[PDB]
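# Coordinate analysis (summary)
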Amino acid sequence: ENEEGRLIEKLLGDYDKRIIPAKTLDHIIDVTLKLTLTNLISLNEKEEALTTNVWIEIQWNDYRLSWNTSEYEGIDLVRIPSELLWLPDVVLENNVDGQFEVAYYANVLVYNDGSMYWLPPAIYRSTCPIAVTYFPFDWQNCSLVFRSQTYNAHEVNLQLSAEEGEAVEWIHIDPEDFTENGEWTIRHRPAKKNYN
Amino acid sequence: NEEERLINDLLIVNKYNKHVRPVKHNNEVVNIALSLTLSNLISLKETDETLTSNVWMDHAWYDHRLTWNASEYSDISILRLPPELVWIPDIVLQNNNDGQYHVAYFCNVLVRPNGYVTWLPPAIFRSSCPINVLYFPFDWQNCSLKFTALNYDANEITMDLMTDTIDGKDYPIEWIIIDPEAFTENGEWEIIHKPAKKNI
Amino acid sequence: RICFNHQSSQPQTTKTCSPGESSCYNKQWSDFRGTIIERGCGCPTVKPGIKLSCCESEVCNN
Amino acid sequence: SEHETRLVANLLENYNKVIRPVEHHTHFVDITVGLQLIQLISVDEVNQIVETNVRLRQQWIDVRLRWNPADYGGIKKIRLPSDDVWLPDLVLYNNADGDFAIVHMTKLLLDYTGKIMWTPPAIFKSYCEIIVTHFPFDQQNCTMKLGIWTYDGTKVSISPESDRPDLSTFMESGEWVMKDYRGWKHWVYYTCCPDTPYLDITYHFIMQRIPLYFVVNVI
Amino acid sequence: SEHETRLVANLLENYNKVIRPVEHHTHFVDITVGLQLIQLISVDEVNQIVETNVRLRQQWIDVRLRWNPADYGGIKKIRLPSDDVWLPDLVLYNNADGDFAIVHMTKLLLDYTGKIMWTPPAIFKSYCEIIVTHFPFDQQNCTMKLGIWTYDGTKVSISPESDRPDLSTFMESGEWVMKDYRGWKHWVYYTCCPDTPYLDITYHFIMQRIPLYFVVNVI
Amino acid sequence: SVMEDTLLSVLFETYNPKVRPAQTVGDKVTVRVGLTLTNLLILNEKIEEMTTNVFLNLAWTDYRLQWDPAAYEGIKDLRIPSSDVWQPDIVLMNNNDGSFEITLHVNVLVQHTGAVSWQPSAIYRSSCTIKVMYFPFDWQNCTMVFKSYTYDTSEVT
Ligand SMILES: *[C@@H]1O[C@H](CO)[C@@H](O[C@@H]2O[C@H](CO)[C@@H](O[C@@H]3O[C@H](CO[C@H]4O[C@H](CO[C@H]5O[C@H](CO)[C@@H](O)[C@H](O)[C@@H]5O[C@H]5O[C@H](CO)[C@@H](O)[C@H](O)[C@@H]5O)[C@@H](O)[C@H](O[C@H]5O[C@H](CO)[C@@H](O)[C@H](O)[C@@H]5O)[C@@H]4O)[C@@H](O)[C@H](O[C@H]4O[C@H](CO)[C@@H](O)[C@H](O)[C@@H]4O[C@H]4O[C@H](CO)[C@@H](O)[C@H](O)[C@@H]4O)[C@@H]3O)[C@H](O)[C@H]2NC(C)=O)[C@H](O)[C@H]1NC(C)=O
Ligand SMILES: *[C@@H]1O[C@H](CO)[C@@H](O[C@@H]2O[C@H](CO)[C@@H](O[C@@H]3O[C@H](CO[C@H]4O[C@H](CO[C@H]5O[C@H](CO)[C@@H](O)[C@H](O)[C@@H]5O[C@H]5O[C@H](CO)[C@@H](O)[C@H](O)[C@@H]5O)[C@@H](O)[C@H](O[C@H]5O[C@H](CO)[C@@H](O)[C@H](O)[C@@H]5O)[C@@H]4O)[C@@H](O)[C@H](O[C@H]4O[C@H](CO)[C@@H](O)[C@H](O)[C@@H]4O[C@H]4O[C@H](CO)[C@@H](O)[C@H](O)[C@@H]4O)[C@@H]3O)[C@H](O)[C@H]2NC(C)=O)[C@H](O)[C@H]1NC(C)=O
Ligand SMILES: *[C@@H]1O[C@H](CO)[C@@H](O)[C@H](O)[C@H]1NC(C)=O
Ligand SMILES: *[C@@H]1O[C@H](CO)[C@@H](O)[C@H](O)[C@H]1NC(C)=O
């Protein structure tokens, strides 16, 4: 018998995925995201659209999905399909098509303390206006804007990821496995939190 | 609101089944009257041989199970119901070029106390129209939208053309309907004739 | 001629290089999941994101 | 803890999303409509189609969806999915080849008084009379006609939220300049039904073309 | 049919498709993976994308799906739908702009021992680097990296079915010749986790172009 | 009709559309596969594809959908939504996109003997190899392969 069945049927019983997991009234959910570029597919200059394949890593804490390992023989990590849980509604806002969401709804890794690690892959078609003055000797500055589609700053706090104490203020690119585009060379890949 | 009580008596109490024809005996036919309104003509691409059009199909039939007495439920004389709760006639475009046989927006149906049901769903249709090129660029084309009922045979469902009234008299609507005030003409095609026909 | 050929934090293991090889390397890089160390024989060419080291001694690529 | 779970369970227990939010069937529900233009994606002058990225702001009251914060720990707002409650069927009447209604069923905001604010995104593809007499120095007047599809003005009333569309977050185009924009509400009566009005809000946008690509490439 | 009816009702009564098929959480589930190439659809040298028609054969045991043929009139195999049981989340890591996972949920074969054989179809769009130095006399090496997305090699193990893809029913191309093909399984350890391996099978296809169209049309 | 509702409730009381109708363990089901061509749309030569509008004509017997018409006031046939009965997984195996299955899920016609006739419609895109030696004075030989994706010879004939 996979103890994981007992455990998951204990967790998802009496669980409403429509309800934000705010512990108290003025509790903001710290949602930490990080981006990983897999391929730069194209940059259509006639439609001013950037196509990319990204793996976005999203972390947050759900106080309802915590347990004590001694009662479950030491299991400290479990995999639950994303469509059964409460998710922050992190979307790409500057899309040209109507694709706000991710492509593959992967499982979520849930730890005994309520930590949630979700790494869904996505195919996005962003909008970036082209500067044509120097075409074909030009360089372009194209942005990917991520927001919550449902919650405000009194509900969730979007932040960038911090590995080993130092923030990750850049797009992550695997130096060994990354295949260069064919027409475009990536010079800079910064990231920042903005406010309107 | 008394609509909640009416709609619950009609659908839940009376155990309404939406996969059964609206008839008292299995040997009768359901007459469905049909009309078509052209909202706008998008294109007639000569290389693909495809007419693209925006039309609003208009159904009308009778369901003896969707009847009530207005006096006993306040004085409700009209009701709106989602098409996924009542039986609806499935009329499909048979000469489409893509895999779109159905209407695009499944809007509500309206029901009156006698059981008369009306349904006007809008649709975008891409249909096969062979091009006569003999006189291009001074050609005129004859495109057709053929509609069939593939869920029941002619002994169970009868298709007809809808009727109007001028001075107490009935006449059938033998044409496509076009609002003369909200119609923007196409940049390349002007409509000359727009008949309608029930074919056996 | 004798190098370490284990990866990351695996228990230590060695290999004997081909005759005429005198070096030992140590590649380190990070992917989406973590850090990988590749130890072997020789001194190869690496892409401009990898921390490559080479040593001409013996078992000196850890 | 469990206060907002108890609240949503007690609000949707005996709710029916098929009936209009009215106390009596003779009254109507008032819906405040507003349009936010975000980007002008394209203008097809041949097929006569304008493509826009918009948000359709919609406000209305549901007097059965209300609670008392004191009995639910002080909650005054919640986020509910839009498929759980009654929604108005707003359709783009002058649609060309896109979607008539809303298809992104995004969550909505609900206050303890029953006031609802729903703001879903949409790609509008509208039909537009394109005049090409003065191309490439031509001005276009393009409209988006909106209305309730299955209800008349005695059951569901609509009213614009402001006299002019919202262009505060509008992305500059590159081919078109926005000169003026305004929304108007209309009442339409038919001879068959003396006192039944049919309502629609029509937003219009006056767009001037930037004539440089066509001066350098054709003239 | 009657016996099978009763059997399927007794097999899906208390089954949960969310939990892995293992007797103890410390064991892993072994999945024998195999790839059948059926057609080479396209090679985009600009976007660097290869489109193929494949079959993803997958075998594994589910120890909760077993019965005794004597108690069901001698039945030894059935065809359950695939949405009814636990499945492995095999993803194409080097996907470019297609589907990451399987989307055609075809039925699977189940014998009385619990052994499962599922063989769904798929269109693979892989990101393949295109060296163009020798075009139109160029040879390409295109890969297809497959792995379990959310599990490590201690929970879900994969192993190739044969040393090289199955091209027995391969439709000849017209523009490309298959020279060689092989599959390799890799074990990856990270510095953080000393004894947790991450597994992947990578299939490669060495493709030689037929340079007749471009010699007669360009050269 | 009350008698039709009664008949449907009787038929689909324990009916499972997942199980293949084999009255005895070992029996095979006989499926008749026909095709009606409505329009040959295109034979694109740049992708080696052929698009057709067609009706499949399938027929089989389900011993479970039987009844005596005299006990139901003379009802001899029934039009039932296709998703409620068991159907063989007849698909186009040589399609060029990834669309194996049909498009329009019309109702099935079930007779009191258990004879099930299903005539669904589809816009199929099949792959055929083009012989490019006498183009444009060429003739092509394009095929459409139709078999069950799941069941094999030991199960259906
Ligand atoms: C780009 O393209 C655009 C689209 O083509 C184009 O847009 C058009 O712009 C023009 C302006 O330039 C718009 O014209 C305006 O439209 C307004 C709205 O009209 C509708 O509503 C009227 C009001 O209806 C209420 O009141 C009636 C009684 O007065 C009742 O009978 C109604 O039942 C209704 O009552 C309800 O509300 C009452 C008060 O709210 C309330 O008491 C009552 O109980 C109930 O709740 C309708 O009368 C009107 O119907 C008329 O017009 C239609 C055709 O549109 C006819 O078919 C009808 O038969 C009928 O005649 C509409 O349904 C108008 O209000 C506004 O009119 C005022 O201004 C004009 C100027 O010419 C005057 O002639 C008119 O008398 C009005 O006078 C106003 O004067 C000043 C303000 O100027 C003010 O002091 C005074 O009090 C009064 O308000 C005007 O016509 C047009 O609608 C747009 N068309 C669209 C959107 O499609 C745009 O211009 C283009 N841009 C370019 C080219 O640059
Ligand atoms: C077109 O493009 C293609 C893609 O780019 C390209 O494909 C590449 O082809 C080459 C072949 O030409 C492939 O190279 C081979 O890969 C094999 C698999 O490598 C992986 O697995 C190894 C084995 O891992 C097990 O064993 C280890 C100990 O030996 C353990 O530490 C592991 O934990 C693991 O143990 C598990 O399995 C054991 C047995 O199964 C079991 O006992 C144990 O309990 C447990 O279950 C790994 O070692 C290896 O990792 C190495 O490489 C990576 C980088 O790739 C480094 O980061 C690591 O640090 C590490 O060094 C992989 O994960 C190899 O087995 C095979 O090696 C043999 O041959 C090479 C030849 O150079 C020898 O150097 C090597 O010693 C081996 O020799 C033995 O076999 C050969 C015959 O095969 C023979 O000489 C003799 O018998 C000898 O004993 C080889 O390297 C390459 O992987 C492909 N890349 C892909 C698919 O991405 C293709 O070539 C291109 N085509 C063209 C251009 O024409
Ligand atoms: C976890 O459960 C064990 C019983 O198996 C108990 O002894 C221990 O105190 C529990 N831990 C906490 C933090 O409650
Ligand atoms: C409708 O109900 C009223 C109230 O009882 C009754 O007087 C009237 O006769 C009814 N009408 C019909 C047609 O039954």
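Header annotation of the entry names cryo-EM as the structure determination method and lists the resolution as 2.27 Å.

Under the PDB entry, the name given to chain B is Acetylcholine receptor subunit delta, and the source organism is Tetronarce californica. This structure appears in the PDB under the title "Torpedo acetylcholine receptor in complex with Erabutoxin A".

Under the PDB entry, the name given to chain A is Acetylcholine receptor subunit gamma, and the source organism is Tetronarce californica.

### Re the overall build of chain A
Along the backbone of chain A there are 1 helix and 11 strands. The helix and strand sequence of chain A, counted from the amino end, reads α-β-β-β-β-β-β-β-β-β-β-β. Across its three principal directions, the C-alpha atoms of chain A cover 65 × 40 × 35 Å. Looking at the 196 residues of chain A, the share that counts as buried comes to 49%. By sequence separation, contacts in chain A at least 24 residues apart represent 71% of the contacts at least 6 residues apart. Total accessible area computed for chain A in this model is approximately 10600 Å², and 48% of it derives from carbon and sulfur atoms. Side-chain charges of chain A comprise 15 positive and 33 negative groups, with the mean position of each set lying 4 Å from the other.

### Considering the interface of chain A and chain E
Listed by partner, the interface residues are 29 residues for chain A and 26 residues for chain E. Carbon and sulfur atoms supply 57% of the area that chain A and chain E bury against each other, a total of about 2400 Å² over both sides. Here chain A is connected to chain E by 2 salt bridges. Among the salt bridges present, the one from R20 of chain E reaches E4 of chain A, with a minimum N-O distance of 3.3 Å. Put simply, chain A and chain E have 10 residue pairs in polar contact between them. Taken together, the elements giving at least two residues each to the side of chain A that touches chain E come down to helix 1 (4-12), strand 1 (29-44), strand 2 (49-66), strand 3 (77-81), strand 5 (107-111) and strand 7 (121-127) of chain A.

### Overview of the site of ligand 2
In the vicinity of ligand 2, the contacting residues are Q7 and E38 of chain C together with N141, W184, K185, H186, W187, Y189, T202 and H204 of chain E. More than one chain approaches ligand 2, the contributing ones being chains C and E. Between an oxygen atom of ligand 2 and a side-chain N or O atom of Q7 of chain C, the distance comes to 3.3 Å. A distance of 2.3 Å separates an oxygen atom of ligand 2 from a polar side-chain atom of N141 of chain E. For ligand 2, the accessible surface in isolation is 1800 Å², of which the surrounding protein chains cover 32%.

### A look at the pairing of strand 6 (residues 115-118) of chain F
Residues and elements named next belong to chain F. Along strand 6, the buried face is formed by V116 and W118; none of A115 and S117, which line the opposite face, is buried. Pairing analysis gives 4 bridges linking strand 2 (residues 49-61) to strand 6, with the strands arranged antiparallel. Bridge pairing in strand 6 links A59 to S117. Here strand 5 (residues 108-111) runs beside strand 6; their pairing, made up of 2 bridges, is antiparallel. Considered in strand 6, the bridge of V110 is made with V116. Between strand 5 and the antiparallel strand that follows it, strand 6, lie 3 residues; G114 among them carries a positive phi value of about 95°.

### Some words on the packing of aromatic side chains
Residues and elements named next belong to chain D. Considering all chains together, one arrives at 30 aromatic pairs over all chains under this definition. Each ring, one from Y93 and one from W149, has its centre 5.1 Å from the other, and the planes form 70°; the classification is edge-to-face. With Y93 in the loop between strand 4 (90-92) and strand 5 (108-111) and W149 in the loop between strand 8 (139-148) and strand 9 (156-160), this pair connects stretches of sequence that are 56 residues apart. Across this residue pair, the class does not change: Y93 and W149 are buried.

### Details of the interface of chain D and chain B
Think of interface size as the accessible area that goes away when the parts come together; that is how it is often given. Tallying the contact residues gives 27 residues for chain D and 31 residues for chain B. Of the roughly 2300 Å² buried between chain D and chain B, counting both surfaces, carbon and sulfur atoms make up 59%. Considering only the side of chain D, the residues that lose the most area to chain B are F100, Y127 and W149 of chain D, jointly responsible for 26% of the buried surface there. Along the contact surface separating chain D from chain B lie 2 salt bridges. Between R80 of chain B and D152 of chain D there is a salt bridge; the shortest N-O distance is 3.2 Å. Where chain D meets chain B, there are 10 residue pairs in polar contact. Here the residues of the side of chain D that touches chain B are counted per class, giving 12 nonpolar, 8 polar and 7 charged.

### As for the UniProt feature "disulfide bond" in chain B
All names here are of chain B. The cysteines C129 and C143 that UniProt joins by a disulfide are bonded here; their SG atoms are 2.0 Å apart. Of the two residues, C129 is situated in the loop between strand 7 (122-128) and strand 8 (147-148) and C143 in the loop between strand 7 and strand 8; the sequence distance between them amounts to 14 residues. Residue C129 is classed as buried on the basis of its relative accessible area, which comes to 1%. Here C143 falls in the partly exposed class, since its relative accessible area comes to 27%.

### Quick look at the state of the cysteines
All chains considered together, the criterion is met by 9 disulfides over all chains. In this model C192 of chain E remains outside any disulfide bridge; the closest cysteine sulfur is found in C193 of chain E, 4.1 Å from its own.

### What to know about the side chain of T52 of chain D
Residue and element names in this part refer to chain D. Considering the arrangement of structural elements, one finds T52 in strand 2 (residues 49-61). Assessed through its relative accessible area of 3%, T52 is described here as buried. Setting aside anything within four residues of it in sequence, one finds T52 in contact with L37, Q39, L40, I41, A122, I123, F124 and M144.

### Considerations on the site of ligand 3
All names here are of chain A. Around ligand 3, a shell composed of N68, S70 and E71 is seen. Within the side chain of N68, one N or O atom sits 2.3 Å away from an oxygen atom of ligand 3. The contact in question runs from an oxygen atom of ligand 3 to an N or O atom on the side chain of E71, over 3.5 Å. Taken by itself ligand 3 offers 370 Å² of open surface, and the protein chains cover 28% of this.

### Examining unusual backbone geometry
The omega torsion of the bond from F136 of chain B to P137 of chain B falls at 10°, within 30 degrees of zero and hence cis. Its location among the elements puts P137 of chain B in the loop between strand 7 and strand 8. In this structure, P136 of chain F follows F135 of chain F across a cis peptide bond, with omega equal to 0°. In this structure, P136 of chain F sits in the loop between strand 7 (121-127) and strand 8 (146-148). Non-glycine residue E48 of chain A carries a positive phi angle of around 50°. Inspection of the secondary structure puts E48 of chain A in the loop between strand 1 and strand 2. The exposure class of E48 of chain A is partly exposed, given its relative accessible area of 27%. The phi angle at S74 of chain B is positive, at roughly 55°, despite the residue not being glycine. Within the element layout of this structure, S74 of chain B appears in the loop between strand 2 (50-62) and strand 3 (79-81). Residue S74 of chain B is classed as partly exposed on the basis of its relative accessible area, which comes to 29%.

Cut-offs applied
Residues numbered from 1 in each chain as written, not as in the entry; some residues may be left out. Chains lettered and ligands numbered in written order. Part of a larger assembly, values for the part shown. Heavy atoms only, no water. Helix = DSSP H or I, 4+ residues; strand = E, 2+ residues; numbered from the N terminus. Buried < 20%, exposed > 50% of the residue type's maximum accessible area, 1.4 Å probe, protein only. Contact = heavy atoms within 4.5 Å. Areas by Shrake-Rupley, 256 points an atom, 1.4 Å probe, with all protein chains shown as cover. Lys, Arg positive; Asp, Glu negative; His and termini not counted. Charge placed at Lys NZ, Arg CZ, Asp CG, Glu CD. Buried area = accessible area lost by both parts, 1.4 Å probe. Salt bridge = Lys/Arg side-chain N within 4 Å of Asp/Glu carboxyl O. Polar contact = N/O pair within 3.5 Å; in protein donor to acceptor, adjacent residues only side chain to side chain. Near = heavy atom within 4 Å. Pairing = 2+ DSSP bridges. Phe/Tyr/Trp six-rings, centres within 6.5 Å; stacked < 30°, edge-to-face > 60°. Nonpolar A, V, L, I, M, F, W, Y, C, P; charged D, E, K, R; others polar. Disulfide = S-S within 2.5 Å. UniProt positions renumbered as here; feature names shortened; annotations may be inferred.

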